[PDB]
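The sequence shown begins at 180 in our numbering and counts up one residue at a time. Heads up, the beta-carbon is just placed ideally off N, CA and C, and yes, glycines get one too.
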Amino acid sequence: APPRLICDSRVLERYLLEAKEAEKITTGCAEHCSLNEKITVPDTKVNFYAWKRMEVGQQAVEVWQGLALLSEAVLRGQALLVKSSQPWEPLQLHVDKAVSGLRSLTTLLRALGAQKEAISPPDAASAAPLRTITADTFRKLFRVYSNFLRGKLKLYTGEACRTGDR
């Protein structure tokens, strides 16, 4: 059969591989990847404990708040340096790749078509939670994009698979 739903390590693993390459430059530049903004960033500190208080359906709604956050943070991230000056090599190139990943993610979660019942108003977190910390540097977004998926992605994937190899 195919590489399962999101239990396809090749896909998620690939997120880590990418954020890896991405991080190198946000931790190697000299001016870019470190502006003076103030964008919040999701807290990957979540755990199986506080995560369990979200049944399969709700669980999916939770990961959905996480990518929605990043959608905005990453959007401005592209914009500010595009519209403003921000010298140094074209950093935005990477902000397009990382962008496609969160996007495929959004469509992916909707792709298993399984328990998700992700139906809610236009909002989903972009108007209440935002219990995230501010960011005055890109080093955060990319590092976060490394830790973030290891958080909720692992959890969602656990449920995506919910069989392993029994």
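When the beta-carbon positions are compared, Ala314 and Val220 come within less than 7 Å of each other. Residue state for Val240 is assigned as helix, using DSSP reduced to three classes.
Ranked by Cα distance from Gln271, the first of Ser283, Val253, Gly280 and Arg189 is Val253. Bounds of the alpha helix (DSSP H) holding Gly280 are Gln271 to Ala290. For the pair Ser299 and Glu251, the Cα-to-Cα distance works out to about 18 Å. Residue pairing from DSSP places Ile312 in a beta bridge opposite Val220.
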